[PDB]
């Protein structure tokens, strides 16, 4: 019974659409639980209101810094950082949801959604979910990105939570 969560995406405050994710709790339960709880806001903090700060067309959309809103922060429900749970799952193609990090065992809240296969990240970033519905919303986000990832409009998680 893998949980499902959603992001309602907005672009400079204007609704874009909903992306939903399957979280692979069957393979990466600690990492899935972190993302699930951050999506509900149940710890009193989480993804709601935060932005996708790095969008690189052809590669990925990255977000999740809800503490500094500048791409350097974020925190997990276990502490500022937690360990790499496992590297069972690979970056196989568009839609893969994986943890950002600053080196081994530095998972926080930042995550990325692939828009292509990124196999050179295998074994270094923990894959823990995939887009279930609304992949075309992630595709629509790419036109607000750039070569180095700086975005040209504010792409926000206007709302988020867990689905039944």
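Residue numbers count along the first chain shown, from 1.
The mean Cα B-factor in the deposited entry runs higher for 5 to 13 than for the other of 143 to 151 and 5 to 13. Here the stretch with the larger average CA B-factor, out of 113 to 121 and 22 to 30, is 22 to 30.
Residue set 64, 41, 57, 95: peak C-alpha B-factor at 41 (per PDB entry). Sort the modelled residues of the chain by CA B factor and residue 37 lands in the highest third. Among the modelled residues of the chain, residue 134 sits in the highest third by CA temperature factor in this PDB entry.
When the CA B factors of the chain's modelled residues are split into thirds, the value for residue 49 lands in the highest one. In this PDB entry, the Cα temperature factor of residue 106 sits in the middle third of its chain's modelled residues.
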